[PDB]
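Student: Below is the file coords.cif, which contains mmCIF, C-alpha atoms and all ligand atoms.
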```cif
data_final
#
loop_
_atom_site.label_atom_id
_atom_site.label_comp_id
_atom_site.auth_asym_id
_atom_site.auth_seq_id
_atom_site.Cartn_x
_atom_site.Cartn_y
_atom_site.Cartn_z
CA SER A 1 3.74 25.64 33.29
CA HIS A 2 4.29 25.70 29.53
CA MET A 3 6.76 26.02 26.65
CA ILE A 4 7.85 29.29 25.27
CA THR A 5 5.30 29.68 22.48
CA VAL A 6 5.87 31.75 19.35
CA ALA A 7 3.75 32.76 16.38
CA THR A 8 4.60 34.85 13.32
CA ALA A 9 2.68 36.86 10.65
CA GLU A 10 5.14 37.60 7.82
CA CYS A 11 4.98 39.20 4.45
CA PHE A 12 8.37 39.96 2.83
CA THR A 13 10.05 37.27 4.87
CA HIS A 14 7.69 34.52 3.49
CA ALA A 15 6.99 32.88 6.96
CA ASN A 16 10.69 31.92 6.98
CA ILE A 17 11.39 33.43 10.38
CA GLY A 18 8.66 31.25 11.96
CA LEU A 19 9.52 28.17 9.83
CA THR A 20 13.18 28.42 10.81
CA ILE A 21 12.36 28.88 14.57
CA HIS A 22 10.15 25.75 14.21
CA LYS A 23 12.87 23.57 12.55
CA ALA A 24 15.39 24.70 15.18
CA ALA A 25 12.90 23.95 17.97
CA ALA A 26 11.87 20.62 16.43
CA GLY A 27 15.53 19.44 16.21
CA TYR A 28 16.00 19.40 12.47
CA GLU A 29 19.69 18.64 11.62
CA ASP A 30 19.54 20.60 8.31
CA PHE A 31 17.87 23.93 7.51
CA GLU A 32 18.92 27.07 5.58
CA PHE A 33 19.59 29.44 8.48
CA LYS A 34 20.90 26.88 11.00
CA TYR A 35 24.29 28.60 10.91
CA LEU A 36 22.58 31.42 12.97
CA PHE A 37 22.16 29.20 15.98
CA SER A 38 25.00 28.15 18.32
CA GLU A 39 25.09 24.68 19.86
CA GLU A 40 23.76 26.14 23.11
CA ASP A 41 21.01 28.09 21.22
CA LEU A 42 19.71 24.83 19.82
CA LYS A 43 19.53 23.27 23.25
CA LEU A 44 17.56 26.26 24.51
CA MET A 45 15.34 26.00 21.39
CA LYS A 46 14.02 22.68 22.63
CA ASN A 47 11.93 24.72 25.09
CA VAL A 48 10.26 26.69 22.29
CA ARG A 49 7.22 25.77 20.20
CA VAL A 50 5.79 27.53 17.12
CA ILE A 51 1.99 27.77 17.29
CA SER A 52 1.62 29.26 13.77
CA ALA A 53 3.82 30.77 11.06
CA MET A 54 1.70 32.72 8.53
CA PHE A 55 2.53 34.26 5.13
CA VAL A 56 0.08 37.13 4.85
CA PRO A 57 0.47 39.24 1.69
CA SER A 58 -3.15 40.47 1.76
CA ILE A 59 -4.27 43.46 3.81
CA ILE A 60 -7.89 42.21 4.00
CA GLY A 61 -6.60 38.74 4.78
CA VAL A 62 -4.57 39.68 7.77
CA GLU A 63 -7.26 42.10 9.07
CA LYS A 64 -9.79 39.18 8.96
CA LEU A 65 -7.39 36.69 10.59
CA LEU A 66 -6.13 38.93 13.36
CA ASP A 67 -9.14 41.27 13.90
CA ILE A 68 -7.02 44.38 13.25
CA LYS A 69 -7.35 47.39 11.03
CA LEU A 70 -4.28 48.44 9.01
CA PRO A 71 -3.49 51.93 7.67
CA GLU A 72 -4.17 52.78 4.01
CA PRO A 73 -1.16 51.78 1.88
CA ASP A 74 0.92 54.63 0.45
CA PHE A 75 1.12 52.98 -3.00
CA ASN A 76 -2.11 51.40 -3.96
CA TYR A 77 -2.02 49.77 -7.45
CA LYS A 78 -1.91 46.08 -8.12
CA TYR A 79 1.61 45.43 -9.23
CA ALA A 80 2.36 47.91 -6.42
CA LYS A 81 0.50 47.71 -3.12
CA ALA A 82 3.11 49.08 -0.70
CA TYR A 83 3.67 50.96 2.53
CA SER A 84 6.45 53.52 3.14
CA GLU A 85 8.98 52.55 5.84
CA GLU A 86 7.05 54.52 8.53
CA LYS A 87 3.78 52.64 7.96
CA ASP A 88 5.70 49.30 7.51
CA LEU A 89 6.87 49.83 11.19
CA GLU A 90 3.34 50.56 12.27
CA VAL A 91 1.98 47.49 10.43
CA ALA A 92 4.61 45.05 11.82
CA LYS A 93 3.59 46.26 15.28
CA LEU A 94 -0.23 46.02 14.69
CA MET A 95 0.23 42.50 13.33
CA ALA A 96 2.50 41.36 16.22
CA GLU A 97 0.06 42.76 18.73
CA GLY A 98 -2.97 41.19 16.96
CA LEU A 99 -1.28 37.79 16.84
CA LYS A 100 -0.38 37.93 20.50
CA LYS A 101 -4.06 38.71 21.37
CA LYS A 102 -5.39 36.05 18.95
CA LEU A 103 -3.18 33.16 20.14
CA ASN A 104 -1.93 34.16 23.60
CA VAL A 105 1.71 33.20 22.72
CA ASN A 106 4.77 34.36 24.65
CA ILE A 107 6.41 35.88 21.60
CA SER A 108 4.87 37.10 18.34
CA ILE A 109 6.62 38.46 15.27
CA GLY A 110 5.24 40.73 12.47
CA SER A 111 7.24 41.59 9.23
CA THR A 112 6.32 43.75 6.27
CA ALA A 113 8.43 45.63 3.65
CA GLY A 114 7.27 48.03 0.96
CA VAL A 115 9.49 50.96 0.00
CA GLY A 116 12.47 51.41 2.26
CA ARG A 117 14.18 49.01 4.68
CA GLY A 118 10.96 47.19 5.79
CA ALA A 119 10.01 46.34 9.45
CA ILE A 120 10.05 43.44 11.89
CA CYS A 121 8.39 43.67 15.21
CA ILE A 122 9.16 41.04 17.97
CA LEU A 123 6.71 41.46 20.89
CA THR A 124 7.18 39.43 24.08
CA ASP A 125 5.53 39.28 27.49
CA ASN A 126 8.06 41.91 28.62
CA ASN A 127 8.88 44.36 25.82
CA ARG A 128 8.50 45.23 22.13
CA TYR A 129 11.48 45.33 19.74
CA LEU A 130 10.93 47.13 16.51
CA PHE A 131 13.61 47.38 13.80
CA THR A 132 14.10 47.70 10.08
CA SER A 133 16.15 45.44 7.81
CA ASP A 134 19.64 46.84 6.93
CA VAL A 135 18.78 46.94 3.15
CA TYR A 136 16.95 49.65 1.27
CA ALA A 137 14.63 48.14 -1.44
CA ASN A 138 11.63 49.01 -3.44
CA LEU A 139 8.71 46.72 -3.94
CA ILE A 140 7.27 48.84 -6.80
CA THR A 141 10.41 48.80 -8.99
CA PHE A 142 11.76 45.45 -7.66
CA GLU A 143 15.10 46.90 -6.74
CA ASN A 144 17.08 44.98 -4.05
CA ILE A 145 14.03 42.88 -3.06
CA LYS A 146 15.83 39.59 -2.75
CA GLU A 147 18.71 41.04 -0.63
CA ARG A 148 16.25 42.75 1.70
CA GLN A 149 14.32 39.56 2.16
CA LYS A 150 17.40 37.52 3.09
CA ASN A 151 18.72 40.22 5.43
CA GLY A 152 15.27 40.54 7.11
CA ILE A 153 15.14 36.79 7.81
CA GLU A 154 18.75 36.74 9.16
CA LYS A 155 18.29 39.86 11.37
CA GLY A 156 14.85 38.75 12.59
CA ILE A 157 16.28 35.35 13.70
CA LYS A 158 19.43 36.86 15.12
CA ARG A 159 17.46 39.33 17.24
CA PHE A 160 14.83 36.74 18.20
CA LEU A 161 17.55 34.55 19.75
CA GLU A 162 19.15 37.48 21.64
CA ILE A 163 15.70 38.41 23.01
CA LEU A 164 14.77 34.80 23.86
CA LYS A 165 18.01 34.34 25.85
CA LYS A 166 17.67 37.74 27.52
CA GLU A 167 14.08 37.53 28.73
CA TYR A 168 13.37 33.79 29.11
CA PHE A 169 16.65 32.31 30.25
CA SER B 1 -15.33 41.15 -10.41
CA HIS B 2 -12.40 39.35 -8.78
CA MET B 3 -9.13 37.33 -9.22
CA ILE B 4 -8.99 33.61 -8.31
CA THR B 5 -8.09 33.80 -4.62
CA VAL B 6 -6.43 30.94 -2.73
CA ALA B 7 -5.64 30.40 0.95
CA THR B 8 -4.04 27.41 2.72
CA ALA B 9 -3.67 26.02 6.30
CA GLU B 10 -0.99 23.39 6.15
CA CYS B 11 0.62 21.23 8.73
CA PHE B 12 2.84 18.44 7.32
CA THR B 13 3.37 20.29 3.98
CA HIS B 14 4.89 23.33 5.87
CA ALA B 15 2.81 25.93 4.00
CA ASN B 16 4.83 24.96 0.84
CA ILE B 17 1.67 24.29 -1.24
CA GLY B 18 0.49 27.90 -0.70
CA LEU B 19 3.99 29.42 -0.96
CA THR B 20 4.56 27.52 -4.23
CA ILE B 21 1.14 28.67 -5.67
CA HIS B 22 2.15 32.29 -4.70
CA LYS B 23 5.53 32.16 -6.40
CA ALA B 24 3.99 30.74 -9.58
CA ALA B 25 1.20 33.40 -9.51
CA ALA B 26 3.83 36.06 -8.89
CA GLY B 27 5.91 35.00 -11.95
CA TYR B 28 9.03 33.93 -10.05
CA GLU B 29 11.39 32.63 -12.77
CA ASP B 30 12.34 29.75 -10.64
CA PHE B 31 11.36 28.11 -7.30
CA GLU B 32 11.52 24.59 -5.89
CA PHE B 33 8.34 23.02 -7.31
CA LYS B 34 8.32 24.93 -10.62
CA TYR B 35 8.69 21.59 -12.50
CA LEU B 36 4.99 20.81 -11.63
CA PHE B 37 3.84 23.74 -13.70
CA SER B 38 3.57 23.65 -17.52
CA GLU B 39 4.26 26.90 -19.46
CA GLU B 40 0.50 27.16 -20.08
CA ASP B 41 -0.18 26.61 -16.34
CA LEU B 42 2.14 29.54 -15.59
CA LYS B 43 0.05 31.77 -17.87
CA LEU B 44 -3.17 30.74 -16.21
CA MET B 45 -1.45 31.33 -12.83
CA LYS B 46 -1.32 35.16 -13.37
CA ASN B 47 -5.03 35.30 -12.69
CA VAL B 48 -4.54 33.67 -9.22
CA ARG B 49 -3.62 35.48 -5.94
CA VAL B 50 -2.63 33.93 -2.60
CA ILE B 51 -4.48 35.64 0.37
CA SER B 52 -2.56 33.61 3.03
CA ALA B 53 -0.52 30.40 3.35
CA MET B 54 -0.28 29.30 6.94
CA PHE B 55 1.76 26.64 8.78
CA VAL B 56 -0.45 25.51 11.70
CA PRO B 57 1.14 22.72 13.70
CA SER B 58 -0.97 23.42 16.83
CA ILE B 59 -4.54 22.22 17.38
CA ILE B 60 -5.40 25.18 19.67
CA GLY B 61 -3.75 27.51 17.18
CA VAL B 62 -5.78 26.44 14.16
CA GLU B 63 -8.99 26.30 16.23
CA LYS B 64 -8.46 29.96 17.28
CA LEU B 65 -7.34 31.23 13.83
CA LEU B 66 -10.08 29.47 11.90
CA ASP B 67 -12.80 29.31 14.62
CA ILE B 68 -13.25 25.54 14.29
CA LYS B 69 -13.30 22.58 16.76
CA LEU B 70 -11.02 19.61 15.99
CA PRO B 71 -11.50 16.01 17.13
CA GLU B 72 -9.46 14.58 19.97
CA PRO B 73 -6.12 13.24 18.73
CA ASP B 74 -5.77 9.45 18.39
CA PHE B 75 -2.29 9.60 19.82
CA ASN B 76 -1.84 12.27 22.48
CA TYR B 77 1.33 12.42 24.49
CA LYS B 78 0.81 16.11 25.29
CA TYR B 79 4.03 17.16 23.47
CA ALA B 80 3.43 14.75 20.57
CA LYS B 81 -0.04 14.49 18.98
CA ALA B 82 -1.30 12.65 15.82
CA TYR B 83 -4.42 11.54 14.05
CA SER B 84 -4.77 8.35 12.12
CA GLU B 85 -6.20 8.45 8.59
CA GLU B 86 -9.94 8.98 9.30
CA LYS B 87 -9.42 11.95 11.62
CA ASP B 88 -6.65 13.39 9.35
CA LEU B 89 -9.22 13.42 6.51
CA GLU B 90 -11.86 15.04 8.77
CA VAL B 91 -9.39 17.70 9.90
CA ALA B 92 -8.16 18.63 6.37
CA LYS B 93 -11.81 19.18 5.48
CA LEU B 94 -12.58 21.17 8.67
CA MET B 95 -9.59 23.46 8.05
CA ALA B 96 -10.47 24.01 4.40
CA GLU B 97 -14.08 24.86 5.26
CA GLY B 98 -12.91 27.09 8.14
CA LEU B 99 -10.51 28.97 5.84
CA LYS B 100 -13.17 29.47 3.19
CA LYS B 101 -15.60 30.85 5.83
CA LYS B 102 -12.96 33.13 7.40
CA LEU B 103 -11.46 34.60 4.19
CA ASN B 104 -14.12 34.07 1.50
CA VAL B 105 -11.50 32.82 -1.01
CA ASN B 106 -12.36 30.85 -4.19
CA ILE B 107 -10.08 27.95 -3.33
CA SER B 108 -9.08 26.77 0.19
CA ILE B 109 -6.49 24.05 1.02
CA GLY B 110 -5.96 22.19 4.29
CA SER B 111 -3.32 19.51 4.94
CA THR B 112 -2.45 17.31 7.96
CA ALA B 113 -0.65 14.02 8.45
CA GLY B 114 -0.23 11.92 11.62
CA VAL B 115 -0.05 8.17 11.33
CA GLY B 116 -0.68 6.75 7.80
CA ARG B 117 -0.88 8.58 4.48
CA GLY B 118 -2.10 12.03 5.69
CA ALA B 119 -4.81 14.16 4.11
CA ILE B 120 -5.17 17.15 1.72
CA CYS B 121 -8.53 18.85 1.05
CA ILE B 122 -8.99 21.36 -1.76
CA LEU B 123 -12.34 23.17 -1.45
CA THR B 124 -13.60 25.42 -4.28
CA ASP B 125 -16.79 27.51 -4.85
CA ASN B 126 -18.26 24.41 -6.62
CA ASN B 127 -16.71 21.23 -5.19
CA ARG B 128 -14.74 19.55 -2.43
CA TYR B 129 -11.73 17.32 -3.18
CA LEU B 130 -10.30 15.06 -0.42
CA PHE B 131 -7.35 12.67 -0.79
CA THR B 132 -4.44 11.17 1.08
CA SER B 133 -0.77 11.39 0.12
CA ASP B 134 0.72 8.27 -1.67
CA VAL B 135 3.21 7.56 1.17
CA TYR B 136 2.57 5.82 4.49
CA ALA B 137 4.50 7.42 7.37
CA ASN B 138 4.38 7.61 11.13
CA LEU B 139 4.74 10.79 13.08
CA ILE B 140 5.41 8.90 16.33
CA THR B 141 8.27 6.66 15.09
CA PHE B 142 9.38 9.25 12.49
CA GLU B 143 9.31 6.68 9.67
CA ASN B 144 9.00 8.04 6.03
CA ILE B 145 8.11 11.68 7.20
CA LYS B 146 10.26 13.46 4.68
CA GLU B 147 9.12 11.37 1.76
CA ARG B 148 5.45 11.87 2.72
CA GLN B 149 5.95 15.65 3.14
CA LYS B 150 7.43 16.02 -0.39
CA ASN B 151 4.78 13.73 -1.93
CA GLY B 152 2.00 15.72 -0.16
CA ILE B 153 3.37 18.95 -1.63
CA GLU B 154 3.69 17.52 -5.16
CA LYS B 155 0.26 15.83 -5.11
CA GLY B 156 -1.53 18.87 -3.58
CA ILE B 157 -0.07 21.22 -6.32
CA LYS B 158 -0.67 18.70 -9.07
CA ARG B 159 -4.34 18.21 -8.01
CA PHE B 160 -4.66 21.95 -7.41
CA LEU B 161 -3.69 22.73 -11.10
CA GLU B 162 -6.09 20.07 -12.43
CA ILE B 163 -8.99 21.45 -10.41
CA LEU B 164 -8.14 25.07 -11.19
CA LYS B 165 -8.21 24.27 -14.89
CA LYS B 166 -11.34 22.21 -14.83
CA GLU B 167 -13.40 24.67 -12.73
CA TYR B 168 -12.08 28.17 -13.33
CA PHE B 169 -11.01 28.00 -16.90
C1 LIG A 201 6.43 16.59 8.79
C2 LIG A 201 5.21 16.70 9.63
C3 LIG A 201 4.21 15.65 9.72
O1 LIG A 201 4.43 14.55 9.03
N1 LIG A 201 3.02 15.78 10.46
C4 LIG A 201 2.79 16.92 11.18
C5 LIG A 201 1.52 16.95 11.97
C6 LIG A 201 0.27 17.13 11.07
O2 LIG A 201 0.51 17.48 9.89
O3 LIG A 201 -0.87 16.89 11.60
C7 LIG A 201 3.67 18.02 11.17
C8 LIG A 201 3.39 19.30 12.01
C9 LIG A 201 4.89 17.92 10.39
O4 LIG A 201 5.75 18.94 10.41
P1 LIG A 201 7.13 18.93 11.58
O5 LIG A 201 8.23 19.76 11.01
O6 LIG A 201 6.45 19.12 12.87
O7 LIG A 201 7.70 17.34 11.74
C10 LIG A 201 7.09 16.67 12.75
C11 LIG A 201 8.11 16.13 13.73
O8 LIG A 201 8.99 15.23 13.05
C12 LIG A 201 10.31 15.38 13.45
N2 LIG A 201 11.20 15.73 12.35
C13 LIG A 201 10.75 16.17 11.10
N3 LIG A 201 11.78 16.43 10.31
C14 LIG A 201 12.95 16.17 11.08
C15 LIG A 201 14.34 16.26 10.77
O9 LIG A 201 14.88 16.63 9.72
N4 LIG A 201 15.29 15.91 11.76
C16 LIG A 201 14.81 15.49 13.05
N5 LIG A 201 15.79 15.17 13.97
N6 LIG A 201 13.47 15.40 13.37
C17 LIG A 201 12.59 15.74 12.35
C18 LIG A 201 10.39 16.47 14.59
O10 LIG A 201 10.31 15.92 15.84
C19 LIG A 201 9.10 17.21 14.25
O11 LIG A 201 8.62 17.74 15.42
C1 LIG A 202 9.40 40.25 -1.48
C2 LIG A 202 8.33 40.91 -0.96
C3 LIG A 202 8.46 42.22 -0.47
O1 LIG A 202 9.53 42.85 -0.50
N1 LIG A 202 7.33 42.87 0.09
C4 LIG A 202 6.09 42.24 0.17
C5 LIG A 202 5.00 42.87 0.78
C6 LIG A 202 5.10 42.29 2.26
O2 LIG A 202 6.02 42.66 2.97
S1 LIG A 202 4.04 40.84 2.65
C7 LIG A 202 5.97 40.91 -0.27
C8 LIG A 202 4.73 40.19 -0.21
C9 LIG A 202 7.10 40.29 -0.84
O3 LIG A 202 6.96 39.01 -1.28
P1 LIG A 202 6.52 38.65 -2.81
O4 LIG A 202 5.13 39.03 -3.14
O5 LIG A 202 6.97 37.15 -3.00
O6 LIG A 202 7.52 39.42 -3.71
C10 LIG A 202 7.13 40.68 -4.20
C11 LIG A 202 7.29 40.73 -5.73
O7 LIG A 202 8.69 40.68 -6.20
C12 LIG A 202 8.73 39.88 -7.40
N2 LIG A 202 9.73 38.80 -7.30
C13 LIG A 202 10.37 38.27 -6.26
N3 LIG A 202 11.17 37.32 -6.76
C14 LIG A 202 11.01 37.26 -8.10
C15 LIG A 202 11.57 36.49 -9.06
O8 LIG A 202 12.41 35.63 -8.80
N4 LIG A 202 11.17 36.68 -10.40
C16 LIG A 202 10.22 37.68 -10.70
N5 LIG A 202 9.81 37.91 -11.94
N6 LIG A 202 9.71 38.40 -9.70
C17 LIG A 202 10.10 38.19 -8.42
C18 LIG A 202 7.34 39.31 -7.63
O9 LIG A 202 6.74 40.11 -8.61
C19 LIG A 202 6.65 39.47 -6.29
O10 LIG A 202 5.25 39.68 -6.40
#
```
I'd like the structure from this file rewritten - as structure tokens, please.
Ligand SMILES: Cc1c(O)nc(CC(=O)O)c(C)c1OP(=O)(O)OC[C@H]1O[C@@H](n2cnc3c(=O)[nH]c(N)nc32)[C@H](O)[C@@H]1O
Ligand SMILES: Cc1c(O)nc(CC(=O)S)c(C)c1OP(=O)(O)OC[C@H]1O[C@@H](n2cnc3c(=O)[nH]c(N)nc32)[C@H](O)[C@@H]1O

Tutor:
Amino acid sequence: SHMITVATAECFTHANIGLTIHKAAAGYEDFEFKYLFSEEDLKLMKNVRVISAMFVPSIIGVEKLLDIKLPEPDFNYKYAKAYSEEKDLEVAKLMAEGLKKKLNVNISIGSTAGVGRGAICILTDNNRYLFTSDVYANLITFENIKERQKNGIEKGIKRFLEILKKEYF
Amino acid sequence: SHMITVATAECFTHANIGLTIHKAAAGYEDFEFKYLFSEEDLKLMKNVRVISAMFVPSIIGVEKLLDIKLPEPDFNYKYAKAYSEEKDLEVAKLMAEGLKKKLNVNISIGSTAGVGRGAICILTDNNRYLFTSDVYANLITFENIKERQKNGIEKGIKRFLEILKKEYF
């Protein structure tokens, strides 16, 4: 017997998907994305616990923490280390999978966004859900970065809850 | 040759010390704790890079991510767990040393608060700094949690800038 455990390794989303899931689970009355959760969602959230929520903007950093090897970035300059959308998808997956092996949680989440719509991977005991944000942006030129970040957090949380209710309840 | 690298493993401060250092280093024009940074600090900040800021509210979680062993909690109700001051201070220091060993960063930060004033350790290449927050709170009764969290963030960042200046500049 245990709780439904979750951990996250996030880049463009700033650990906000895992921080939000934690505040919801911990019964906070106020938090930025609380409007995403119904009354019933918040009840179910009482059964959830965040084990870690990590902001990981370093390739070497996350490789050392999660024992994983990431692909070479498509843009490799230092006001511009960035993956294309295809490798962002691959990276969100390798991080989710590495976290799940590191921490043995029920649900792990990876997020990364370079050039394109970015990538979130939610991996559970049952299935893997991989998706982009709805917002094209460009880390190297700074176009639409803010809007992509916000949409990534909202979509990641929205999908997390659908998945949680589907598989665990 | 290298930048000044920083990593953090934060519990009560919610990874906000690391996220705030990152936003400053990244030249964000505003962000919640910007008022702690002088215009000269902000210039110095461009030579700093955050490798990871992690929120780690699980003992097993931080033990697995940092490869350390933590002391038994002083209050352990399975779902609720807290240290008092002496073990909080030990644990901040264990996390900071663990982070420095794992990631080889110049500056590592650990934070944890159970019952009492909580504990922040800032570990550099040259020195170790260990201090409590200024606010007594109690995880178990919930008294003064919010006030201690904000004070821990402000005091960590303030002491961080002082140390960065004194040692790296
Ligand atoms: C704020 C805080 C703390 O003081 N100590 C620790 C342990 C450590 O640092 O060693 C953690 C993890 C922490 O962060 P957390 O968000 O877990 O707050 C701890 C608990 O404190 C309660 N709590 C915190 N903020 C709120 C809030 O806004 N509303 C409610 N209802 N409970 C809250 C919740 O039960 C929550 O589980
Ligand atoms: C937003 C974002 C993103 O789209 N992609 C990545 C790589 C990962 O996915 S991790 C990351 C790490 C990411 O987070 P950040 O490093 O906080 O933001 C990327 C860059 O966008 C810039 N930026 C974001 N907000 C501001 C801002 O408010 N002011 C300025 N001057 N720059 C900003 C800043 O230069 C920052 O380095």

Student: Could you write out as a ChimeraX atom specification the residues of chain B within 12 Å of chain A, counting only C-alpha atoms?

Tutor: /B:3,5-11,13-20,22-23,26-28,46,49-67,78-80,98-105,146

Student: Output C-alpha atoms for every residue in the selection just made, as a PDB file, in the frame of the given file.

Tutor:
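And here is the file that came out, selection15.pdb:
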```
ATOM      1  CA  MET B   3      -9.130  37.330  -9.220  1.00  0.00           C
ATOM      2  CA  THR B   5      -8.090  33.800  -4.620  1.00  0.00           C
ATOM      3  CA  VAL B   6      -6.430  30.940  -2.730  1.00  0.00           C
ATOM      4  CA  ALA B   7      -5.640  30.400   0.950  1.00  0.00           C
ATOM      5  CA  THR B   8      -4.040  27.410   2.720  1.00  0.00           C
ATOM      6  CA  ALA B   9      -3.670  26.020   6.300  1.00  0.00           C
ATOM      7  CA  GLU B  10      -0.990  23.390   6.150  1.00  0.00           C
ATOM      8  CA  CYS B  11       0.620  21.230   8.730  1.00  0.00           C
ATOM      9  CA  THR B  13       3.370  20.290   3.980  1.00  0.00           C
ATOM     10  CA  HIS B  14       4.890  23.330   5.870  1.00  0.00           C
ATOM     11  CA  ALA B  15       2.810  25.930   4.000  1.00  0.00           C
ATOM     12  CA  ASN B  16       4.830  24.960   0.840  1.00  0.00           C
ATOM     13  CA  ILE B  17       1.670  24.290  -1.240  1.00  0.00           C
ATOM     14  CA  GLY B  18       0.490  27.900  -0.700  1.00  0.00           C
ATOM     15  CA  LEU B  19       3.990  29.420  -0.960  1.00  0.00           C
ATOM     16  CA  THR B  20       4.560  27.520  -4.230  1.00  0.00           C
ATOM     17  CA  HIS B  22       2.150  32.290  -4.700  1.00  0.00           C
ATOM     18  CA  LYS B  23       5.530  32.160  -6.400  1.00  0.00           C
ATOM     19  CA  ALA B  26       3.830  36.060  -8.890  1.00  0.00           C
ATOM     20  CA  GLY B  27       5.910  35.000 -11.950  1.00  0.00           C
ATOM     21  CA  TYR B  28       9.030  33.930 -10.050  1.00  0.00           C
ATOM     22  CA  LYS B  46      -1.320  35.160 -13.370  1.00  0.00           C
ATOM     23  CA  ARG B  49      -3.620  35.480  -5.940  1.00  0.00           C
ATOM     24  CA  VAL B  50      -2.630  33.930  -2.600  1.00  0.00           C
ATOM     25  CA  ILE B  51      -4.480  35.640   0.370  1.00  0.00           C
ATOM     26  CA  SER B  52      -2.560  33.610   3.030  1.00  0.00           C
ATOM     27  CA  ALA B  53      -0.520  30.400   3.350  1.00  0.00           C
ATOM     28  CA  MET B  54      -0.280  29.300   6.940  1.00  0.00           C
ATOM     29  CA  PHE B  55       1.760  26.640   8.780  1.00  0.00           C
ATOM     30  CA  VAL B  56      -0.450  25.510  11.700  1.00  0.00           C
ATOM     31  CA  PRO B  57       1.140  22.720  13.700  1.00  0.00           C
ATOM     32  CA  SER B  58      -0.970  23.420  16.830  1.00  0.00           C
ATOM     33  CA  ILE B  59      -4.540  22.220  17.380  1.00  0.00           C
ATOM     34  CA  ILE B  60      -5.400  25.180  19.670  1.00  0.00           C
ATOM     35  CA  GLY B  61      -3.750  27.510  17.180  1.00  0.00           C
ATOM     36  CA  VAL B  62      -5.780  26.440  14.160  1.00  0.00           C
ATOM     37  CA  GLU B  63      -8.990  26.300  16.230  1.00  0.00           C
ATOM     38  CA  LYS B  64      -8.460  29.960  17.280  1.00  0.00           C
ATOM     39  CA  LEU B  65      -7.340  31.230  13.830  1.00  0.00           C
ATOM     40  CA  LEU B  66     -10.080  29.470  11.900  1.00  0.00           C
ATOM     41  CA  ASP B  67     -12.800  29.310  14.620  1.00  0.00           C
ATOM     42  CA  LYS B  78       0.810  16.110  25.290  1.00  0.00           C
ATOM     43  CA  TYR B  79       4.030  17.160  23.470  1.00  0.00           C
ATOM     44  CA  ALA B  80       3.430  14.750  20.570  1.00  0.00           C
ATOM     45  CA  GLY B  98     -12.910  27.090   8.140  1.00  0.00           C
ATOM     46  CA  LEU B  99     -10.510  28.970   5.840  1.00  0.00           C
ATOM     47  CA  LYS B 100     -13.170  29.470   3.190  1.00  0.00           C
ATOM     48  CA  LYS B 101     -15.600  30.850   5.830  1.00  0.00           C
ATOM     49  CA  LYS B 102     -12.960  33.130   7.400  1.00  0.00           C
ATOM     50  CA  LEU B 103     -11.460  34.600   4.190  1.00  0.00           C
ATOM     51  CA  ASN B 104     -14.120  34.070   1.500  1.00  0.00           C
ATOM     52  CA  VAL B 105     -11.500  32.820  -1.010  1.00  0.00           C
ATOM     53  CA  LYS B 146      10.260  13.460   4.680  1.00  0.00           C
TER      54      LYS B 146
END
```

Student: Could you superimpose chain B onto chain A using every C-alpha atom, matched in order, and tell me the RMSD in Å?

Tutor: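 Result of the CA superposition: 0.5 Å.
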
Student: Taking only C-alpha atoms into account, which of A:159, A:166, A:128, A:117 comes nearest residue 145 (chain A)?

Tutor: A:117

Student: Which residues are close to residue 162 (chain A), i.e. within 12 Å by all atoms listed in the file, leaving aside same-chain residues fewer than 2 positions away? Reply as a PyMOL selection string.

Tutor: chain A and resi 36-38+41+44+122+129+155-160+164-169

Student: Which distance in Å separates CA of residue 132 (chain A) and atom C9 of ligand LIG 202 (chain A), to one decimal?

Tutor: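 Atom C9 of ligand LIG 202 (chain A) lies at a distance of 14.9 Å from CA of residue 132 (chain A).
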
Student: Between CA of residue 34 (chain A) and CA of residue 126 (chain A), measure the distance and give it in Å to one decimal.

Tutor: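 Here the two named atoms are 26.5 Å from each other.
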
Student: In Å, how far is it from CA of residue 114 (chain B) to CA of residue 85 (chain B)?

Tutor: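 Answer for the CA of residue 114 (chain B) to CA of residue 85 (chain B) separation: 7.5 Å.
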
Student: Using all atoms listed in the file, pick whichever of B:108, B:1, B:48, B:84 has the shortest atom-to-atom distance to ligand LIG 202 (chain A).

Tutor: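 Selected residue with least distance to ligand LIG 202 (chain A): B:48.
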
Student: Compile the contact shell of residue 82 (chain A) as number ranges by chain: residues with an atom at most 9 Å away, counting only C-alpha atoms, same-chain residues fewer than 3 positions apart removed.

Tutor: A: 73-77, 88, 113-115, 138-140

Student: Using only C-alpha atoms and all ligand atoms, which of the listed residues (A:91, A:68, A:107, A:96) sits closest to ligand LIG 202 (chain A)?

Tutor: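 The closest residue to ligand LIG 202 (chain A) is A:91.
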
Student: Box time for region 87-97 of chain B: axis-aligned, enclosing all its listed atoms, 8 Å extra on each side; report centre and edge lengths in Å to one decimal, as lines of an AutoDock Vina configuration file.

Tutor:
```
center_x = -10.4
center_y = 18.4
center_z = 8.0
size_x = 23.4
size_y = 28.9
size_z = 23.2
```

Student: A:42, A:163, A:95, A:25: which is nearest ligand LIG 201 (chain A), counting all atoms listed in the file?

Tutor: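 Residue with the minimum atom-to-atom distance to ligand LIG 201 (chain A): A:25.
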